[PDB]
Every structure is written in structure tokens, then in C-alpha cells.
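Just start_38.pdb here, PDB, C-alpha atoms:
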ATOM      1  CA  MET A   1       0.000   0.000   0.000
ATOM      2  CA  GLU A   2       1.122   3.530  -0.831
ATOM      3  CA  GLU A   3       1.864   6.167   1.814
ATOM      4  CA  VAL A   4       2.832   9.819   2.161
ATOM      5  CA  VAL A   5       5.704  10.051   4.629
ATOM      6  CA  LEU A   6       6.317  13.259   6.554
ATOM      7  CA  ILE A   7       9.852  14.223   7.609
ATOM      8  CA  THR A   8      10.903  17.518   9.182
ATOM      9  CA  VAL A   9      14.447  18.800   8.676
ATOM     10  CA  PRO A  10      16.492  21.722  10.089
ATOM     11  CA  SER A  11      17.717  23.175   6.789
ATOM     12  CA  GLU A  12      17.270  23.325   3.034
ATOM     13  CA  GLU A  13      20.604  21.547   2.599
ATOM     14  CA  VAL A  14      19.329  18.589   4.606
ATOM     15  CA  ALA A  15      15.943  18.792   2.840
ATOM     16  CA  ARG A  16      17.566  18.592  -0.612
ATOM     17  CA  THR A  17      20.136  15.925   0.278
ATOM     18  CA  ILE A  18      17.554  13.582   1.807
ATOM     19  CA  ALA A  19      14.991  14.304  -0.932
ATOM     20  CA  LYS A  20      17.479  13.510  -3.683
ATOM     21  CA  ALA A  21      18.814  10.391  -1.991
ATOM     22  CA  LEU A  22      15.379   8.843  -1.452
ATOM     23  CA  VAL A  23      14.278   9.317  -5.074
ATOM     24  CA  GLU A  24      17.693   8.360  -6.510
ATOM     25  CA  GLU A  25      17.699   5.175  -4.461
ATOM     26  CA  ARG A  26      14.112   4.298  -5.499
ATOM     27  CA  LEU A  27      12.833   4.554  -1.930
ATOM     28  CA  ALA A  28      10.344   7.185  -3.102
ATOM     29  CA  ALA A  29       8.888   8.227  -6.449
ATOM     30  CA  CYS A  30       8.650  11.878  -5.480
ATOM     31  CA  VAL A  31       9.508  14.187  -2.589
ATOM     32  CA  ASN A  32       8.059  17.665  -1.977
ATOM     33  CA  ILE A  33       9.948  20.145   0.168
ATOM     34  CA  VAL A  34       7.742  22.684   1.937
ATOM     35  CA  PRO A  35       9.827  25.561   3.332
ATOM     36  CA  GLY A  36       9.259  28.185   6.028
ATOM     37  CA  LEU A  37       8.008  26.093   8.952
ATOM     38  CA  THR A  38       8.174  27.408  12.503
ATOM     39  CA  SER A  39       8.293  24.379  14.796
ATOM     40  CA  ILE A  40       7.424  24.319  18.498
ATOM     41  CA  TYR A  41       8.138  21.062  20.310
ATOM     42  CA  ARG A  42       9.227  19.497  23.574
ATOM     43  CA  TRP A  43      12.829  18.525  24.168
ATOM     44  CA  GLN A  44      13.936  17.061  27.510
ATOM     45  CA  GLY A  45      11.217  18.907  29.425
ATOM     46  CA  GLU A  46      11.720  22.244  27.657
ATOM     47  CA  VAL A  47       9.488  23.730  24.966
ATOM     48  CA  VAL A  48      11.717  25.013  22.170
ATOM     49  CA  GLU A  49      11.233  26.748  18.816
ATOM     50  CA  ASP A  50      13.112  26.359  15.524
ATOM     51  CA  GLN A  51      12.823  26.989  11.792
ATOM     52  CA  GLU A  52      12.414  23.846   9.693
ATOM     53  CA  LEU A  53      11.297  22.478   6.319
ATOM     54  CA  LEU A  54       8.846  19.639   5.713
ATOM     55  CA  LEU A  55       9.356  16.747   3.295
ATOM     56  CA  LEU A  56       6.353  14.909   1.843
ATOM     57  CA  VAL A  57       7.580  11.545   0.552
ATOM     58  CA  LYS A  58       5.485   9.454  -1.865
ATOM     59  CA  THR A  59       6.473   5.855  -1.210
ATOM     60  CA  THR A  60       5.169   2.380  -0.292
ATOM     61  CA  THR A  61       4.808   0.412   2.924
ATOM     62  CA  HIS A  62       7.576  -2.109   2.147
ATOM     63  CA  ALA A  63      10.026   0.641   1.255
ATOM     64  CA  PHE A  64       9.578   2.113   4.733
ATOM     65  CA  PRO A  65      12.217   0.134   6.688
ATOM     66  CA  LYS A  66      15.042   1.001   4.266
ATOM     67  CA  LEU A  67      13.691   4.552   3.925
ATOM     68  CA  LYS A  68      13.971   4.931   7.711
ATOM     69  CA  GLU A  69      17.494   3.533   7.774
ATOM     70  CA  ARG A  70      18.643   5.894   5.044
ATOM     71  CA  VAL A  71      16.893   8.896   6.550
ATOM     72  CA  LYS A  72      18.499   8.260   9.949
ATOM     73  CA  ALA A  73      21.901   7.955   8.278
ATOM     74  CA  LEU A  74      21.450  11.348   6.616
ATOM     75  CA  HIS A  75      19.497  13.285   9.270
ATOM     76  CA  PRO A  76      21.467  15.281  11.889
ATOM     77  CA  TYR A  77      18.938  14.614  14.657
ATOM     78  CA  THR A  78      19.111  11.569  16.885
ATOM     79  CA  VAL A  79      15.324  11.095  16.805
ATOM     80  CA  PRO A  80      14.078  12.428  13.464
ATOM     81  CA  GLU A  81      10.388  12.678  12.656
ATOM     82  CA  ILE A  82       9.504   9.980  10.125
ATOM     83  CA  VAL A  83       5.798   9.211  10.049
ATOM     84  CA  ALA A  84       3.761   7.532   7.324
ATOM     85  CA  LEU A  85       0.159   8.485   6.509
ATOM     86  CA  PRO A  86      -1.853   5.923   4.547
ATOM     87  CA  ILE A  87      -3.141   6.803   1.088
ATOM     88  CA  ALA A  88      -6.745   5.590   1.237
ATOM     89  CA  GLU A  89      -7.387   6.096  -2.489
ATOM     90  CA  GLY A  90      -5.818   7.877  -5.448
ATOM     91  CA  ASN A  91      -5.997   8.180  -9.211
ATOM     92  CA  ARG A  92      -4.915   4.875 -10.731
ATOM     93  CA  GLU A  93      -2.396   6.284 -13.220
ATOM     94  CA  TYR A  94      -0.573   8.026 -10.380
ATOM     95  CA  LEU A  95      -0.524   5.040  -8.030
ATOM     96  CA  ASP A  96       0.731   2.791 -10.862
ATOM     97  CA  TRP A  97       3.475   5.347 -11.500
ATOM     98  CA  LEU A  98       4.381   5.494  -7.808
ATOM     99  CA  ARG A  99       4.633   1.701  -7.658
ATOM    100  CA  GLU A 100       6.639   1.540 -10.897
ATOM    101  CA  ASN A 101       9.087   4.151  -9.627
ATOM    102  CA  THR A 102       9.735   2.632  -6.209
ATOM    103  CA  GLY A 103      11.572  -0.594  -5.373
TER     104      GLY A 103
ATOM    105  CA  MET B   1     -15.814   9.075   4.490
ATOM    106  CA  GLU B   2     -14.058  12.418   5.061
ATOM    107  CA  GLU B   3     -10.587  12.794   3.548
ATOM    108  CA  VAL B   4      -7.897  15.339   2.805
ATOM    109  CA  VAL B   5      -6.753  15.107  -0.827
ATOM    110  CA  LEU B   6      -3.284  16.229  -1.901
ATOM    111  CA  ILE B   7      -2.638  17.582  -5.390
ATOM    112  CA  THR B   8       0.536  19.291  -6.583
ATOM    113  CA  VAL B   9       0.403  21.849  -9.384
ATOM    114  CA  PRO B  10       3.012  23.782 -11.411
ATOM    115  CA  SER B  11       1.621  27.274 -10.884
ATOM    116  CA  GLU B  12      -0.629  29.542  -8.828
ATOM    117  CA  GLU B  13      -2.908  29.926 -11.852
ATOM    118  CA  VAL B  14      -3.520  26.180 -12.115
ATOM    119  CA  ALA B  15      -3.841  26.036  -8.319
ATOM    120  CA  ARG B  16      -6.589  28.666  -8.286
ATOM    121  CA  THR B  17      -8.375  27.289 -11.360
ATOM    122  CA  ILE B  18      -8.606  23.843  -9.763
ATOM    123  CA  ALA B  19      -9.428  25.046  -6.261
ATOM    124  CA  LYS B  20     -12.250  27.288  -7.510
ATOM    125  CA  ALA B  21     -13.779  24.597  -9.730
ATOM    126  CA  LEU B  22     -13.806  21.920  -7.026
ATOM    127  CA  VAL B  23     -15.550  24.043  -4.379
ATOM    128  CA  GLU B  24     -17.901  25.654  -6.895
ATOM    129  CA  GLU B  25     -18.917  22.199  -8.149
ATOM    130  CA  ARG B  26     -19.426  20.889  -4.601
ATOM    131  CA  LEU B  27     -16.598  18.366  -4.973
ATOM    132  CA  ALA B  28     -14.811  19.974  -2.009
ATOM    133  CA  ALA B  29     -15.834  22.092   0.970
ATOM    134  CA  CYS B  30     -12.496  23.937   0.989
ATOM    135  CA  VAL B  31      -9.050  23.938  -0.582
ATOM    136  CA  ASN B  32      -5.766  25.203   0.853
ATOM    137  CA  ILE B  33      -3.065  26.354  -1.543
ATOM    138  CA  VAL B  34       0.457  25.974  -0.136
ATOM    139  CA  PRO B  35       3.107  27.779  -2.210
ATOM    140  CA  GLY B  36       6.871  27.422  -2.512
ATOM    141  CA  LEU B  37       7.324  23.691  -3.017
ATOM    142  CA  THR B  38      10.470  22.225  -4.555
ATOM    143  CA  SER B  39       9.704  18.785  -5.969
ATOM    144  CA  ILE B  40      12.169  16.022  -6.786
ATOM    145  CA  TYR B  41      10.791  13.076  -8.730
ATOM    146  CA  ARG B  42      11.102  10.446 -11.438
ATOM    147  CA  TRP B  43      10.243  11.276 -15.034
ATOM    148  CA  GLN B  44      11.074   9.005 -17.954
ATOM    149  CA  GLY B  45      13.176   7.012 -15.501
ATOM    150  CA  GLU B  46      15.402   9.973 -14.586
ATOM    151  CA  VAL B  47      15.496  12.237 -11.525
ATOM    152  CA  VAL B  48      14.287  15.786 -12.119
ATOM    153  CA  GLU B  49      13.510  18.841 -10.000
ATOM    154  CA  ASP B  50      10.695  21.341 -10.383
ATOM    155  CA  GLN B  51       8.826  24.127  -8.567
ATOM    156  CA  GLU B  52       5.209  23.494  -7.520
ATOM    157  CA  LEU B  53       2.372  24.386  -5.160
ATOM    158  CA  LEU B  54       0.306  22.057  -2.976
ATOM    159  CA  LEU B  55      -3.467  21.805  -2.715
ATOM    160  CA  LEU B  56      -5.024  20.326   0.415
ATOM    161  CA  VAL B  57      -8.590  19.403  -0.502
ATOM    162  CA  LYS B  58     -11.203  18.751   2.171
ATOM    163  CA  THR B  59     -13.632  16.313   0.619
ATOM    164  CA  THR B  60     -15.132  12.825   0.852
ATOM    165  CA  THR B  61     -14.831   9.422  -0.803
ATOM    166  CA  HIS B  62     -18.210  10.028  -2.470
ATOM    167  CA  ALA B  63     -16.830  13.118  -4.243
ATOM    168  CA  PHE B  64     -13.547  11.478  -5.226
ATOM    169  CA  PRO B  65     -14.682   9.964  -8.559
ATOM    170  CA  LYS B  66     -15.835  13.291 -10.014
ATOM    171  CA  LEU B  67     -12.982  15.156  -8.323
ATOM    172  CA  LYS B  68     -10.465  12.945 -10.165
ATOM    173  CA  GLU B  69     -12.221  13.515 -13.480
ATOM    174  CA  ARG B  70     -12.344  17.283 -13.046
ATOM    175  CA  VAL B  71      -8.774  17.626 -11.765
ATOM    176  CA  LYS B  72      -7.498  15.641 -14.747
ATOM    177  CA  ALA B  73      -9.500  17.870 -17.113
ATOM    178  CA  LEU B  74      -8.016  20.982 -15.514
ATOM    179  CA  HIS B  75      -4.479  19.726 -14.872
ATOM    180  CA  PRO B  76      -1.606  20.162 -17.366
ATOM    181  CA  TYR B  77       0.344  17.052 -16.206
ATOM    182  CA  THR B  78      -0.159  13.799 -18.090
ATOM    183  CA  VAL B  79      -0.191  12.011 -14.715
ATOM    184  CA  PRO B  80      -1.320  14.363 -11.930
ATOM    185  CA  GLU B  81      -0.922  13.473  -8.282
ATOM    186  CA  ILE B  82      -4.305  12.987  -6.616
ATOM    187  CA  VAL B  83      -3.985  11.133  -3.333
ATOM    188  CA  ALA B  84      -6.477  10.863  -0.489
ATOM    189  CA  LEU B  85      -5.516  10.680   3.175
ATOM    190  CA  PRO B  86      -8.293   9.474   5.508
ATOM    191  CA  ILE B  87      -9.554  11.622   8.378
ATOM    192  CA  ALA B  88      -9.638   9.192  11.335
ATOM    193  CA  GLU B  89     -11.468  11.612  13.624
ATOM    194  CA  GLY B  90     -12.158  15.291  13.983
ATOM    195  CA  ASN B  91     -14.195  18.108  15.436
ATOM    196  CA  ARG B  92     -17.800  16.865  15.070
ATOM    197  CA  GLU B  93     -19.190  20.246  14.067
ATOM    198  CA  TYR B  94     -16.498  20.664  11.425
ATOM    199  CA  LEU B  95     -16.990  17.220   9.888
ATOM    200  CA  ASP B  96     -20.748  17.850   9.805
ATOM    201  CA  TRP B  97     -19.988  21.077   7.938
ATOM    202  CA  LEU B  98     -17.667  19.283   5.501
ATOM    203  CA  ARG B  99     -20.275  16.595   4.797
ATOM    204  CA  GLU B 100     -22.974  19.208   4.306
ATOM    205  CA  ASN B 101     -20.861  21.351   1.988
ATOM    206  CA  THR B 102     -19.779  18.518  -0.287
ATOM    207  CA  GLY B 103     -22.143  16.711  -2.635
TER     208      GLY B 103
ATOM    209  CA  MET C   1      -2.849   5.570  17.979
ATOM    210  CA  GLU C   2      -0.512   8.395  16.981
ATOM    211  CA  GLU C   3      -1.954  11.058  14.666
ATOM    212  CA  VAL C   4      -1.097  14.213  12.736
ATOM    213  CA  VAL C   5      -3.797  16.810  13.308
ATOM    214  CA  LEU C   6      -4.430  19.631  10.846
ATOM    215  CA  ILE C   7      -5.782  22.987  11.997
ATOM    216  CA  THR C   8      -6.078  26.145   9.910
ATOM    217  CA  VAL C   9      -5.816  29.559  11.597
ATOM    218  CA  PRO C  10      -6.220  33.214  10.465
ATOM    219  CA  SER C  11      -2.902  34.680  11.603
ATOM    220  CA  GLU C  12       0.538  33.933  12.964
ATOM    221  CA  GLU C  13      -0.640  35.249  16.331
ATOM    222  CA  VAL C  14      -3.373  32.627  16.654
ATOM    223  CA  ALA C  15      -0.982  30.001  15.208
ATOM    224  CA  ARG C  16       1.604  30.715  17.901
ATOM    225  CA  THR C  17      -0.955  30.877  20.716
ATOM    226  CA  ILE C  18      -2.386  27.466  19.883
ATOM    227  CA  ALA C  19       1.034  25.978  19.068
ATOM    228  CA  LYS C  20       2.624  26.922  22.404
ATOM    229  CA  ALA C  21      -0.465  25.942  24.409
ATOM    230  CA  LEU C  22      -0.853  22.434  22.992
ATOM    231  CA  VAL C  23       2.830  21.627  23.501
ATOM    232  CA  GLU C  24       3.151  23.162  26.974
ATOM    233  CA  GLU C  25       0.006  21.330  28.043
ATOM    234  CA  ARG C  26       1.303  18.028  26.681
ATOM    235  CA  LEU C  27      -1.675  17.788  24.321
ATOM    236  CA  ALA C  28       0.861  17.554  21.474
ATOM    237  CA  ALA C  29       4.588  16.753  21.281
ATOM    238  CA  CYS C  30       5.244  19.222  18.457
ATOM    239  CA  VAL C  31       3.396  21.680  16.221
ATOM    240  CA  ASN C  32       4.585  22.883  12.828
ATOM    241  CA  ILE C  33       3.278  26.208  11.556
ATOM    242  CA  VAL C  34       3.103  26.525   7.772
ATOM    243  CA  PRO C  35       2.523  30.092   6.537
ATOM    244  CA  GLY C  36       1.299  31.521   3.243
ATOM    245  CA  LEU C  37      -1.924  29.588   2.724
ATOM    246  CA  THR C  38      -4.588  30.844   0.345
ATOM    247  CA  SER C  39      -7.859  29.200   1.276
ATOM    248  CA  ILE C  40     -10.776  28.917  -1.144
ATOM    249  CA  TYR C  41     -13.932  27.625   0.542
ATOM    250  CA  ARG C  42     -17.704  27.603   0.448
ATOM    251  CA  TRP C  43     -19.889  30.067   2.308
ATOM    252  CA  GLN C  44     -23.481  29.358   1.322
ATOM    253  CA  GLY C  45     -23.772  29.858  -2.430
ATOM    254  CA  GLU C  46     -20.477  31.734  -2.603
ATOM    255  CA  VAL C  47     -16.885  30.605  -3.125
ATOM    256  CA  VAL C  48     -14.785  32.878  -0.900
ATOM    257  CA  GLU C  49     -11.055  33.411  -0.424
ATOM    258  CA  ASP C  50      -8.987  34.160   2.668
ATOM    259  CA  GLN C  51      -5.384  33.976   3.882
ATOM    260  CA  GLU C  52      -4.462  31.415   6.526
ATOM    261  CA  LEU C  53      -1.655  29.406   8.107
ATOM    262  CA  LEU C  54      -1.597  25.654   8.694
ATOM    263  CA  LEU C  55      -0.781  23.809  11.903
ATOM    264  CA  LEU C  56       0.485  20.221  11.781
ATOM    265  CA  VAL C  57       0.022  18.771  15.271
ATOM    266  CA  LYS C  58       1.725  15.544  16.393
ATOM    267  CA  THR C  59      -0.535  13.937  18.986
ATOM    268  CA  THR C  60      -2.562  10.832  19.867
ATOM    269  CA  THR C  61      -6.184   9.714  19.889
ATOM    270  CA  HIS C  62      -6.038   9.853  23.690
ATOM    271  CA  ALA C  63      -5.162  13.536  23.820
ATOM    272  CA  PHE C  64      -7.527  14.432  20.977
ATOM    273  CA  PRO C  65     -10.615  14.966  23.171
ATOM    274  CA  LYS C  66      -8.867  17.507  25.392
ATOM    275  CA  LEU C  67      -6.921  18.944  22.452
ATOM    276  CA  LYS C  68     -10.169  19.771  20.630
ATOM    277  CA  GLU C  69     -11.475  21.499  23.747
ATOM    278  CA  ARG C  70      -8.358  23.668  24.122
ATOM    279  CA  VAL C  71      -8.158  24.526  20.425
ATOM    280  CA  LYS C  72     -11.781  25.724  20.439
ATOM    281  CA  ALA C  73     -11.144  27.887  23.524
ATOM    282  CA  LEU C  74      -8.195  29.516  21.744
ATOM    283  CA  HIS C  75      -9.588  29.589  18.200
ATOM    284  CA  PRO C  76     -11.558  32.636  16.914
ATOM    285  CA  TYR C  77     -13.586  30.635  14.367
ATOM    286  CA  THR C  78     -17.037  29.415  15.399
ATOM    287  CA  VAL C  79     -16.245  26.102  13.713
ATOM    288  CA  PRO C  80     -12.461  25.572  13.620
ATOM    289  CA  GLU C  81     -11.022  22.872  11.378
ATOM    290  CA  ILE C  82      -9.540  20.109  13.556
ATOM    291  CA  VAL C  83      -8.983  16.881  11.641
ATOM    292  CA  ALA C  84      -6.789  13.921  12.478
ATOM    293  CA  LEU C  85      -4.889  11.826   9.954
ATOM    294  CA  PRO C  86      -3.747   8.414  11.246
ATOM    295  CA  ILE C  87      -0.077   7.515  11.406
ATOM    296  CA  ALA C  88       0.135   4.039   9.881
ATOM    297  CA  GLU C  89       3.756   3.506  10.884
ATOM    298  CA  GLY C  90       6.783   5.476  11.917
ATOM    299  CA  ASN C  91      10.305   5.693  13.264
ATOM    300  CA  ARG C  92       9.912   3.701  16.519
ATOM    301  CA  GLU C  93      12.067   6.075  18.611
ATOM    302  CA  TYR C  94      10.052   9.034  17.348
ATOM    303  CA  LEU C  95       6.648   7.509  18.106
ATOM    304  CA  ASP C  96       7.944   6.601  21.590
ATOM    305  CA  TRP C  97       8.965  10.226  22.193
ATOM    306  CA  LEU C  98       5.597  11.391  20.861
ATOM    307  CA  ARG C  99       3.665   9.122  23.231
ATOM    308  CA  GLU C 100       5.924  10.005  26.157
ATOM    309  CA  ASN C 101       5.290  13.692  25.631
ATOM    310  CA  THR C 102       1.509  13.632  25.201
ATOM    311  CA  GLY C 103      -1.226  12.718  27.663
TER     312      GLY C 103
END
Step by step, read the file and then write its structure as C-alpha cells.
Amino acid sequence: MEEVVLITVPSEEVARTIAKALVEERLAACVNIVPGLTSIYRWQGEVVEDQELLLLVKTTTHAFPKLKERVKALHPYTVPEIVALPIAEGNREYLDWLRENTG
Amino acid sequence: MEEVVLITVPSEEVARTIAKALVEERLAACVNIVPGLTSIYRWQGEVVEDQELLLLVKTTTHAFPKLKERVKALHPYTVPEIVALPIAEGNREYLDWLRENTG
Amino acid sequence: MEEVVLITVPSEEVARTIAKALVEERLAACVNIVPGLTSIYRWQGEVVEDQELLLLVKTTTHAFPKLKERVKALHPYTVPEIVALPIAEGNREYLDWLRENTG
């Protein structure tokens, strides 16, 4: 089954490097980089704020384990956000393309 | 039945044309246009990069068939991205509004 | 179950107010604020436009009830958009951190 994976990154350099690696390695068919995020989260009991970018990764459920391994290898954070949202339905031509361009 | 549909487009013009049509035609209760995307994907087997915008469509599975048809008619890409993410739960009054303002 | 909640707000001021509150109150582990949204939606027989910002809230189904309550108390809209998308799978360490920082 196809999924849209969300990944937040600290900079455009990390956004581009991870985005390119995932597509190049066939772990994703496409990756969108959304810039300008202001992120507020908890870290060791403190609430902190930082500027980030969001990656939207179009991939499949069986590509997830390797995708995670590669993202962790490239991401500067010890616990990076990598969460997959299920694609309940989509246009057939697109889903076929996604499948054909992954794995 | 409620879902959030993601569609990427090449320009603000196409974004607005599609957003307007979907809500006007009761295929969506609302559409968010997110600008500034950088997209990295597979085309003809090779890795390319392009600039795009993201549409977040609030709709339902009942509206999806016609939504797909209309997006394809109004979208320049040969294979446009039209993927639905399911809404697992939400503010009751908002979901009621979404269901009422769609179809 | 872990979820990504979407909320649209009218200004950065409301975005920040809700973002800080949910995280400080442990109703969410992190909140991303995405600016620059153009929203096209239905108001009766009219298709209207407005500027907004998007909040991506990392939380759980268990915090959702209280999260909805707090968002409504801090949101100027009569019917704020609060919809949850299910996280099918994710980086184990990340989901652990998410659950440990939300109640």
C-alpha cells in the first residue's frame, strides 16, 4: 500500500540531500519540500522553537524500513520525525506510477 | 468518508483554477493552496527537479470519482498526483460542515 | 494511535498561541506552523477566499478529546477545522517520544 511520509528537517541543505537520496535510491517516487516552517516542540522537558522544512515523501509500505534507515543515516537529529500516513485512495495512473518508480 | 486530498500543481494559476472549480462544483468544501514547493521526482526514468504548489482538498470518498475527473480535465500534467488521506477523527461540528458542503 | 492533526488559523498570532499551548500542556509533542496559505472555501452559495496558516500537530487519539477542547477555547472561528490523519507507521524512537510527551 502507498503512503505519504512526513519528515521535518532543520535546513534546506538537509531537505535537498535527503529528498534527492530517497528518489535516486528508489525509496520514493517523489519528494516535496515545503519551506518556512516554525516548529514548536518538547525537548527534555523544555518547549523550544526552531525553523524547519517539511518533506512529503510518496512511497510504499515495504520501502519504509530502508527509507527509515537511510533517513536516519542522513538526518542530523538523533530522533528524526519519520511518520507515514496511509493513502486511502488515489488516481490509478498516479498510483501505478508510484509503484513503478519505487523498489 | 471524510478525507484530505493532496494535489501538486506547477503554478498559482492552475492552483486557483482547480481550487475554484472543485468548491464551486461541490466536490470539495475547501481547498488550501500551499506555495513554494520544490519537488524532486522520477520522469522518464530519470530524476528531475521542479517548482510546484500544494493543494489540500477537504472532501469525501463520495466526491472522489468526479474530483479525479475534473482535476485531470483541468491539470496540465499527463499524470497528476491525486492522493487521499483518511480523516480518522475530527471536530464533530467541522466534519458535519464538511459533509454538508460537499455533494 | 498516533496522529497528525491539521488545523487552519487566520494569523501567525493565533498560530503561535495554539502551538505553544498544545505543547506546553502536553496535548501535542510538536506543532509545525506553515505560513502563506490561500484558502478557497464555500460560504453558502459563494466561493470565498482568505489567507491562513496551517498547523500540523503531532498527537494521539487519547489527547484528541482535550486537544479539541483547548483549540476551540483559543480559536476565533465558530467552527475551527480540527482533523486527524492516522499515522500508519513510523520511526519507533520518534513515536515513543511522541507518546511520552503527550497525555
Can you give chain B as a compact mmCIF listing (two decimals) with C-alpha atoms, in the coordinates of the input after you superpose it on chain A, pairing all C-alpha atoms in order for the least-squares fit?
# COMPACT_ATOMS: atom_id res chain seq x y z
CA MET B 1 0.57 0.04 0.36
CA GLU B 2 1.02 3.61 -0.92
CA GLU B 3 1.76 6.27 1.70
CA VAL B 4 2.85 9.87 2.10
CA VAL B 5 5.73 10.15 4.58
CA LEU B 6 6.38 13.35 6.53
CA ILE B 7 9.88 14.33 7.62
CA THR B 8 10.94 17.68 9.06
CA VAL B 9 14.48 18.94 8.59
CA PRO B 10 16.49 21.93 9.90
CA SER B 11 17.74 23.24 6.57
CA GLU B 12 17.32 23.29 2.79
CA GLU B 13 20.66 21.50 2.46
CA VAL B 14 19.52 18.55 4.58
CA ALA B 15 16.16 18.65 2.78
CA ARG B 16 17.79 18.33 -0.64
CA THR B 17 20.36 15.75 0.48
CA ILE B 18 17.60 13.49 1.82
CA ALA B 19 15.15 14.07 -1.02
CA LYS B 20 17.79 13.29 -3.67
CA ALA B 21 19.01 10.13 -1.93
CA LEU B 22 15.53 8.66 -1.44
CA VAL B 23 14.42 9.06 -5.07
CA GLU B 24 17.82 8.08 -6.46
CA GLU B 25 17.77 4.91 -4.34
CA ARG B 26 14.20 4.07 -5.40
CA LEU B 27 12.89 4.48 -1.85
CA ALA B 28 10.51 7.21 -3.07
CA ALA B 29 8.94 8.17 -6.38
CA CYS B 30 8.94 11.88 -5.47
CA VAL B 31 9.58 14.27 -2.60
CA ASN B 32 8.09 17.71 -1.98
CA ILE B 33 10.09 20.21 0.05
CA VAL B 34 7.92 22.74 1.89
CA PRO B 35 9.91 25.67 3.33
CA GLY B 36 9.21 28.21 6.06
CA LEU B 37 8.05 26.04 8.94
CA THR B 38 8.14 27.24 12.54
CA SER B 39 8.18 24.25 14.88
CA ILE B 40 7.25 24.18 18.56
CA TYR B 41 8.09 21.00 20.43
CA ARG B 42 9.37 19.20 23.51
CA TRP B 43 13.09 18.69 24.04
CA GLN B 44 14.58 17.49 27.31
CA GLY B 45 11.14 18.03 28.81
CA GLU B 46 11.03 21.73 27.91
CA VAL B 47 9.20 23.64 25.17
CA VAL B 48 11.43 25.00 22.41
CA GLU B 49 10.94 26.67 19.03
CA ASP B 50 12.91 26.17 15.84
CA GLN B 51 12.83 26.81 12.08
CA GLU B 52 12.44 23.82 9.74
CA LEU B 53 11.32 22.56 6.34
CA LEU B 54 8.90 19.74 5.55
CA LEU B 55 9.39 16.79 3.22
CA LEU B 56 6.35 15.01 1.79
CA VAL B 57 7.58 11.64 0.54
CA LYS B 58 5.51 9.57 -1.87
CA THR B 59 6.44 5.98 -1.16
CA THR B 60 5.16 2.60 0.02
CA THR B 61 5.19 0.40 3.11
CA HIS B 62 7.66 -1.91 1.34
CA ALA B 63 10.18 0.95 1.03
CA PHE B 64 9.67 2.20 4.58
CA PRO B 65 12.27 -0.01 6.31
CA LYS B 66 15.16 1.14 4.11
CA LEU B 67 13.78 4.69 3.96
CA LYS B 68 13.97 4.90 7.78
CA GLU B 69 17.53 3.59 7.78
CA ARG B 70 18.69 6.02 5.11
CA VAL B 71 16.91 9.06 6.57
CA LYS B 72 18.48 8.36 9.96
CA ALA B 73 21.92 8.07 8.33
CA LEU B 74 21.43 11.40 6.57
CA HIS B 75 19.58 13.28 9.31
CA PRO B 76 21.34 15.43 11.95
CA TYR B 77 18.63 14.97 14.65
CA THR B 78 19.10 12.25 17.24
CA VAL B 79 15.39 11.43 16.86
CA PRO B 80 14.11 12.45 13.41
CA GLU B 81 10.42 12.58 12.61
CA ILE B 82 9.49 9.93 10.05
CA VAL B 83 5.75 9.32 9.97
CA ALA B 84 3.66 7.61 7.31
CA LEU B 85 0.12 8.62 6.40
CA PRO B 86 -1.83 6.03 4.39
CA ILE B 87 -3.24 6.82 0.95
CA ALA B 88 -6.82 5.50 1.13
CA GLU B 89 -7.48 5.99 -2.58
CA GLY B 90 -6.17 7.93 -5.52
CA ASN B 91 -5.87 8.43 -9.24
CA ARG B 92 -5.26 4.88 -10.56
CA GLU B 93 -2.70 5.95 -13.14
CA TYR B 94 -0.78 7.93 -10.54
CA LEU B 95 -0.69 5.13 -7.97
CA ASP B 96 0.46 2.73 -10.70
CA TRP B 97 3.25 5.20 -11.45
CA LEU B 98 4.19 5.48 -7.76
CA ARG B 99 4.30 1.69 -7.38
CA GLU B 100 6.38 1.34 -10.52
CA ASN B 101 8.84 4.06 -9.53
CA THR B 102 9.49 2.74 -6.03
CA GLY B 103 11.36 -0.47 -5.32
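Take CA of residue 34 (chain C) and CA of residue 2 (chain C): the distance between them is 20.7 Å.
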Worksheet entry | Result set of the ChimeraX specification (/B :<9) & /C on the coordinates above, as a PyMOL selection string | chain C and resi 3+5+34-47+52+54+61+64+68+79-86
Box in all listed atoms of region 64-81 of chain B, axis-aligned, with 6 Å more on each side; write out centre and edge lengths in Å to one decimal as AutoDock Vina command-line options.
--center_x -7.7 --center_y 15.5 --center_z -11.7 --size_x 28.2 --size_y 23.0 --size_z 24.9
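You will find CA of residue 50 (chain C) at 21.9 Å from CA of residue 73 (chain C).
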Discussion item. When you count all atoms listed in the file, which of these residues is closest to residue 69 (chain C): C:14, C:27, C:53, C:6?
Written reply: C:27
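Picture a line from CA of residue 13 (chain C) to CA of residue 63 (chain C); it runs 23.4 Å.
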